């Protein structure tokens, strides 16, 4: 049943695309039914939005979140149904963490979808138009980005928001503070740093109150014991029991995603194989930079899926 060297990871914001899973859904009627079930909790038709648009709504986080959770759980159910090996550990990036919890049996898909729709709304409302920004900084040292953020802040907020791989940090916060940080890094030679299209400043102190709203939303739902442990982003550790798992999710929102740490924690626990379970191949790319010995494969397309099943079915 469970294969001890195998982990599944679940992508988050940035990984959606118009038509995601189109080609797998043509082969597997379960995919759309999974989207319909997610759609009931989310209150939007996630399949119609993600296949037909409008892309502008798809890219808006209260919609991207439940669509990506539906997508990740659709690929999970397909893999499970087709008797692929069961992973020993799960993790997911930001939103992906909720997908991992749905896969572990902690939340029903319906609740998960309702929950991340709400999470998206709470995060969007925490920073209205032009208030926030996020920027990917490529090739610098953690220490320097962290000291540069402290220098640029002033009275505003700018902080590391994703630790994604060595030489990839996302910073975010107040738009003017993010801009000052980039100017400071540019002055220091870094210069490979781009503003991201989604402006919501996730994983900074501007999400602090939105996290209290999230915690209260969580506390009305049933949480079940996980069937596979989930390595969580706030601290790259598995948490025991409902209260601790919800607490790590409240803290996730306003503190940085420790992606490098989550992946290193998996490797430390005997994981040598990783399936990216949902659309795109973002996490696979990051994994390749964190630890080049890990065998990372995406599952979001018919050829990738079939390639992974052939190599890892039990």
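Positions refer to the first chain, counted from 1.
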{"query": "107-115 or 79-87, whichever carries the higher mean Cα B-factor", "finding": "79-87"}
{"query": "238-246 versus 136-144 - which carries the larger mean C-alpha B factor in the record", "finding": "136-144"}
{"query": "Residue selected from 228, 95, 198, 73 by maximal Cα B factor", "finding": "198"}
{"query": "Chain-wide C-alpha B factor ranking for residue 53, given as lowest, middle or highest third", "finding": "highest"}
{"query": "CA B-factor placement of residue 270, once the chain's modelled residues are sorted into thirds", "finding": "highest"}
{"query": "B-factor third for the C-alpha atom of residue 203 within its chain", "finding": "lowest"}
{"query": "For residue 44, the third of its chain into which the C-alpha B factor falls", "finding": "highest"}
{"query": "For residue 159, the third of its chain into which the C-alpha B factor falls", "finding": "middle"}
